[PDB]
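So the structure is just underneath, and the comments pick up after that.
Numbers for residues simply follow the sequence, beginning at 1. What you see below is based on every heavy atom in this structure, not just the backbone, and it leaves out hydrogens, waters and symmetry mates.
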Amino acid sequence: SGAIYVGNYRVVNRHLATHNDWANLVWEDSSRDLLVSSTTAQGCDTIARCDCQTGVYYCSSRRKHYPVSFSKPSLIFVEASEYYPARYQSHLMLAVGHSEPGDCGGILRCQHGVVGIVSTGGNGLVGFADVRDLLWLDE
Ligand SMILES: COc1cccc(Cl)c1CC(=O)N1CCC[C@@H](C(N)=O)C1
Ligand SMILES: [Zn+2]
C-alpha cells in the first residue's frame, strides 16, 4: 500500500484504488497502473522533474529503504495477475531489489523529489510506475 499526496491530488496504484478514489476520480490509466483522485486537504509531497536513474525506495515487506539503479520509463511485458490480463505496462522502470505484491505503493525518490511508486516485481526485481511526466500534478 501507499500513496503520493501533492497539492489537491492523491496518486495511487490503480489496482489498489478505493471506492472513494473512484468517486473523486481525476485521471486513470490501466496501461500505467495509475489513478489520481482529488483531495480536500493540501498534500505533503514534491514531484521530481528530472532524468535520474538512481534513487531510494521504501519496501514495506522489509520495513526498510533500499538504494536502486533503475531503467528509464518504458513499455514492459507484465504477466497476468488477478487485477489485469497479460499486457505491456507503459512508463514502467525496473530495478534489482526486493519486492512482494503488498509492496505496491511504496515511494521511489531521488534528490529532486518523488519519482514514482512500486507497481510490479518478482525474483529480485522491483518495478516502479513513473509519475515525473505528469506535469499537471503541480498546477
Ligand atoms: C511488487 O509486486 C510484486 C512483487 C513480487 C511478485 C509479484 Cl507477483 C508482484 C505483484 C505484481 O507484480 N503485481 C501486482 C498486481 C498488479 C500488477 C501490475 N502492475 O500489472 C503487478
Ligand atoms: Zn532526480
Requested in this report: Would you give the length of the straight line joining atom CD of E100 to atom OG of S60, rounded to the nearest 0.5 angstrom?
Outcome: 8.0 Å
Query raised in the report: Would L108 and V12 show up in the same hydrophobic cluster when neighbours are defined by side-chain heavy atoms closer than 4.5 Å?
Result: no
Query raised in the report: Which pairs pass ring pair (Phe, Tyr, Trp, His ring centres under 6.0 Å) with one or both residues in residues 108-134, sequence neighbours excluded?
Result: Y57-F128
**Report entry** side-chain hydrogen bond (donor to acceptor under 3.5 Å, both in side chains) between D33 and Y83, worked out
**Finding:** CA-CA 10 Å; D33 185 47; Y83 307 94; over 6 Å; no
Query raised in the report: Quick one: does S119's side chain have a donor or acceptor within less than 3.5 Å of a partner on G127's backbone?
Result: no
Query raised in the report: Between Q53 and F70, is there a donor-acceptor pair closer than 3.5 Å when you use the side chain of the first and the backbone of the second?
Result: yes
Report summary line: Residues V6 and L137: closest non-hydrogen pair is CG2-O, 3.7 Å
Query raised in the report: Where do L34 and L134 come nearest, in terms of heavy atoms and distance?
Result: CD1-CD1, 4.1 Å
Report task. Supply the members, apart from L75, of the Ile/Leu/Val/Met/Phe/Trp/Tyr cluster built from side-chain contacts under 4.5 Å; use none for a lone residue. Result -> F77, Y88
Report task. Could you check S31 against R87 for side-chain contact (heavy atoms from CB on, under 4.5 Å), going step by step and ending with a plain yes or no? Result -> CA-CA 8 Å; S31 75; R87 76 210 208 289; 5.5 Å; no
Requested in this report: With the side chain counted from C-beta on, respond yes when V36 and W136 share a heavy-atom pair under 4.5 Å apart, and no when they do not.
Outcome: yes
**Report entry** Sub-4.5 Å side-chain heavy-atom contact between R132 and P73
**Finding:** yes
**Report entry** Charged tip of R62 within 45° of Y66 ring normal and under 6.0 Å
**Finding:** no
